[PDB]
Amino acid sequence: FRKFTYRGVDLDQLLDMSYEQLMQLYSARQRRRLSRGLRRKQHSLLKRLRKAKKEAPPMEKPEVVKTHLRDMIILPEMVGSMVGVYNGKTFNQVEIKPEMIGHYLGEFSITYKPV
Amino acid sequence: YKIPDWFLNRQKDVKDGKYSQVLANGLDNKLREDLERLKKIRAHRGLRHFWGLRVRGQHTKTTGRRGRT
Amino acid sequence: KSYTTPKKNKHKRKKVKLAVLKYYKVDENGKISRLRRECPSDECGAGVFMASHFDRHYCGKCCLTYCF
Amino acid sequence: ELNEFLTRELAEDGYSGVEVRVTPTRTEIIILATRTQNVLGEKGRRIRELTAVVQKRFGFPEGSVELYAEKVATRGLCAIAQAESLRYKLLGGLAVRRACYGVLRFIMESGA
Amino acid sequence: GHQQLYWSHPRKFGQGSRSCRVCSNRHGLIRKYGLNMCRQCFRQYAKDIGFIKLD
Amino acid sequence: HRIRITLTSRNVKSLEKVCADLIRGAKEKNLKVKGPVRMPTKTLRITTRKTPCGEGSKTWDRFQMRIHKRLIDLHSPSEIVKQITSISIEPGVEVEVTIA
Amino acid sequence: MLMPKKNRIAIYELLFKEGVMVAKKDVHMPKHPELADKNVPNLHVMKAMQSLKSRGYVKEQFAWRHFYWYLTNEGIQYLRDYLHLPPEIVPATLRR
RNA sequence: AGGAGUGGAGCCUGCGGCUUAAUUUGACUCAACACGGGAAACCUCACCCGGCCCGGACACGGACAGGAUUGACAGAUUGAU
RNA sequence: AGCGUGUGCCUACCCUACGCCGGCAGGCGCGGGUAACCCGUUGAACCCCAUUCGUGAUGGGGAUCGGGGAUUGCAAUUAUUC
Ligand SMILES: [Zn+2]
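Chains Q, T, g, E, e, V and L, in that order, are what the protein sequence lines are.
Residues are numbered in the authors' numbering as their position in the first sequence, beginning at 1, plus a constant of 11.
Residues are numbered in the authors' numbering as their position in the second sequence, beginning at 1, plus a constant of 76.
Residues are numbered in the authors' numbering as their position in the third sequence, beginning at 1, plus a constant of 82.
Residues are numbered in the authors' numbering as their position in the fourth sequence, beginning at 1, plus a constant of 19.
Residues are numbered in the authors' numbering as their position in the fifth sequence, beginning at 1, plus a constant of 1.
Residues are numbered in the authors' numbering as their position in the sixth sequence, beginning at 1, plus a constant of 17.
Counted from 1, the seventh sequence has number 8 at position 8 by the authors' numbering; the numbering is strictly sequential.
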């Protein structure tokens, strides 16, 4: 009912801005994820993921992408996009919402079972 | 009144981002809102709060013997 | 020994028959004609006969692509 | 490093020990050996080739060290030589008791 | 391929960057005074280096 | 020209004898000499468990490395110093020369 | 075990210049520190070295992490025949 | 005869057991349990999920310079460019 | 206070006084030590002195939980740590 605002700003205005202000928008720990330098060491796969997510999908839920990584930072440029996360054994389908901005990725994993 | 912002309890909240010191019922309401947000997110911290275990990353094999029976 | 899930095969190089005949076109005289391309790179000259593609051609050792 | 290498290498010709002496521009190494005929090979071949091994592996200017070897005196006192000889004699076919008695009598006759 | 996989994972720190110089193992290494030797091998060959028991 | 030569060795009697020999030689050459400065010894201790495995009573080993550093000061020209270094060389002494 | 032509002849020249040869037991180290004028893979050269061992032309020694290789009469014959030179050539270990 | 105490309260750690694709294992009264020098985010690693160049020397019989080889750029599962 | 330790072999990662920015970790241009030379007279803590607290789970205990800011490494989720 109540439209959310990301930590002060809304979705469209947040999307129409770059990292140079996004970093001060969100917290400190994830700032170091891009403040040390350009991410290219093991982020070639991540850039491929960004390109795949920005690829134009049909007018429905976009395609799913399977990855062996769980070390992506959730940026607004991929919200509303389905991705398969290799939770140890299987590429589990995940569901995201625009409230995921500024957090990590691999926190949706259950260790063994509820017992 | 020239009081610096770092001294406040919760700063740059996920709802509005403004810097405000919060009172008892306000803190309880904000804690409820944060736990409900974590529940909706289905994050690891939220689910571990749901089962009611230690969420900071402690041990349970020898700690927590006064809880569930 | 054998496993459960079947495994694919290893790539093999087909026997290249009459390679030179495919490099230069024989005419009715001592003149010669070429249907392949020549590498303009500094490391390798024109001796590297590139493959006969249909969209874009690929070099031999340069890992470079020249488009149309 | 050098002690281990020499013990494993010159075990075939009765190795006892080494005494490395350091002197600028000329390093003099002396090897405690019992059999000098087997340690030289064919007219100093062993010395030169082991020296070449030394420069190639350790790393040192060429033509500066000179491996040396001499016959050890009172070889019956050094326990290492007796242990090596017992290893030789028990290697092929000798009885444990007879070989042990032989080495024991030789040691007690050496002057110990 | 595997030639690209040789120098792929950073062997700078941790425990695989260094190993014992005697048995090529990675347990009990003494980095004090740059020994880079495990405890067992140092115990075995200690007297030859010079470290001997006086106290 | 205040030549300062540093001698480092593990054995103490050998170092003392070498220093005494150098002092006697310098005195026979009729040269000004200083006193043999004896720096404090440096001890290297490497305590390790004696058990290759991890079973038994917890015993320990104590390894020591007593090093010494004796040095003398001379006001001699370097030619006599080189002549001296050209003689009486033993593996125990590792001569280090500092010119000042 | 695919070996470029130039690397093998370079290693043969390096081995024949003296009577012995050394290498460190570390396949995760391509460049040979002593042979700094070429980008020879050390793992390939040591594996070809031990293949030459398996064919039996040289003696092998290894203590902690460094191998030791020594020539032989039949080994030097094999080397001189591969290098296509008369037997008048001698290594640096046979001269006085 | 005494002092500090442990065992009772909270917290870190190993073992057993339950659970887990896997929760690797050694040691079980002195003389096993902050012990293997082991305070495990990647290498550690020796356990599960997955696919990689092979790190099958060499002897013998076949396969080959009339090419037995070997490294691959646009694009698809994939994990990578 | 007294034992220690210190610029490297594939090995880059050392101890750092000095003057700034900021409550705070923390950030750069500035120097020595391959060591009785520099950190360093290693101004340690426990002690000692003057208020505050007053038998009250209380000014002891800091267990649990949220947010914010920092160096480390390609990488901090089950927070590495502060
Ligand atoms: Zn080309």
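Positions of the beta carbon are idealized from the N, C-alpha and C atoms, including for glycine.
Beta-ladder partner(s) of residue i, from DSSP
i                     : result
g/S115                : g/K107
Q/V76                 : Q/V94
L/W69                 : L/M21 and L/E60
E/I48                 : E/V39 and E/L86
V/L88                 : V/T23 and V/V54
residue 77 of chain g : Residue 77 of chain g is absent from the structure shown; chain g starts at 83 and stops at 150.
V/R66                 : V/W77
E/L59                 : Answer by DSSP bridge pairing: none, since E/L59 is not bridged.
V/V112                : V/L24
V/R83                 : V/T60
e/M38                 : e/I31
Q/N103                : Q/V96
T/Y77                 : Answer by DSSP bridge pairing: none, since T/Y77 is not bridged.
Q/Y17                 : Q/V20
Nearest to residue i (by Cα), restricted to the options the options
i                      : options                        : result
E/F125                 : E/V84, E/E20 and E/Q101        : E/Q101
e/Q41                  : e/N26, e/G35 and e/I53         : e/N26
V/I63                  : e/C21, e/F52, e/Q45 and e/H28  : e/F52
L/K31                  : L/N42, L/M21 and L/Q77         : L/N42
g/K104                 : g/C149, g/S123 and g/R119      : g/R119
L/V27                  : L/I76, L/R65 and L/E74         : L/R65
E/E128                 : E/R54, E/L96 and E/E81         : E/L96
g/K107                 : g/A101, g/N91 and g/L117       : g/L117
L/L83                  : L/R8, L/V45, L/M29 and L/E34   : L/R8
L/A36                  : L/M49, L/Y57, L/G19 and L/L14  : L/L14
Q/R18                  : Q/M89, Q/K52, Q/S120 and Q/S38 : Q/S38
g/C121                 : g/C141, g/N111 and g/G112      : g/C141
E/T26                  : E/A114, E/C119 and E/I99       : E/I99
residue 147 of chain Q : Q/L33, Q/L49, Q/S92 and Q/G117 : No answer is possible for residue 147 of chain Q: it lies beyond the span of chain Q, which begins at 12 and ends at 126.
Q/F119                 : Q/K14, Q/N103 and Q/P109       : Q/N103
e/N37                  : e/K13, e/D56 and e/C21         : e/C21
e/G29                  : V/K30, V/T23 and V/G71         : V/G71
Q/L57                  : Q/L33, Q/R40, Q/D82 and Q/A67  : Q/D82
V/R21                  : V/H92, V/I104, V/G73 and V/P69 : V/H92
Chain e residues whose Cβ lies nearer than 8 Å to that of residue i
i                      : result
residue 166 of chain V : With chain V covering 18 to 117 only, the question about residue 166 of chain V has no answer from this structure.
V/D78                  : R44 and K54
Partners in chain T for residue i, counting only beta-carbon separations shorter than 9 Å
i     : result
Q/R18 : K88, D89, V90, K91, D92 and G93
Amino acids of chain E, ordered along the chain, whose beta-carbon sits closer than 7 Å to that of residue i
i     : result
V/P69 : Result: empty, since nearest Cβ-Cβ is about 19 Å, beyond 7 Å.
Other residues of its chain near residue i: CB distance less than 8 Å, five sequence neighbours each side excluded
i      : result
T/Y95  : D81, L84, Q87 and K88
E/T93  : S129 and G130
T/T136 : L129 and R130
g/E125 : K143 and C144
V/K67  : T76, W77 and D78
Q/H79  : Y97
E/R40  : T46, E47, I48 and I49
6 Å Cβ shell around residue i - same chain, five flanking residues per side excluded
i     : result
L/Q61 : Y68
E/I50 : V37 and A88
e/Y46 : none
E/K90 : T55
Interface partners of residue i on chain Q, CB under 8 Å
i      : result
T/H120 : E118, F119 and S120
Contacting residues, own chain, Cβ-Cβ under 7 Å from residue i (five flanking each side not counted)
i      : result
V/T58  : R83, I84 and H85
Q/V76  : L60, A63, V94 and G95
g/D109 : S115
V/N28  : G109
g/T147 : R138 and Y140
T/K115 : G122 and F126
T/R124 : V131
Contact list for residue i against chain V, beta-carbon separation under 8 Å
i     : result
E/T42 : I106
Proximal residues of chain e, C-beta to C-beta of residue i below 9 Å
i     : result
L/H28 : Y7, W8 and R12
Proximal residues of chain L, C-beta to C-beta of residue i below 9 Å
i     : result
e/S18 : The premise fails here: e/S18 is roughly 11 Å from chain L at the closest Cβ pair, so nothing lies under 9 Å.
E/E23 : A63 and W64
Within chain L, the residues that residue i reaches when beta carbons sit closer than 8 Å
i                     : result
residue 13 of chain E : Residue 13 of chain E lies beyond the range of chain E shown here (20 to 131); nothing can be said about it.
- Given a limit of 8 Å on CB to CB distance, which residues of the region 56-68 of chain L reach chain E? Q61, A63, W64, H66 and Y68
- Item | Proximal residues, the region 112-145 of chain T versus chain Q, C-beta separation under 8 Å | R113, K116, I117, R118, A119, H120, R121, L123 and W127
- Residues in the region 60-88 of chain E having any Cβ partner in chain L nearer than 7 Å: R64, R67, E68, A71, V72, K75 and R76
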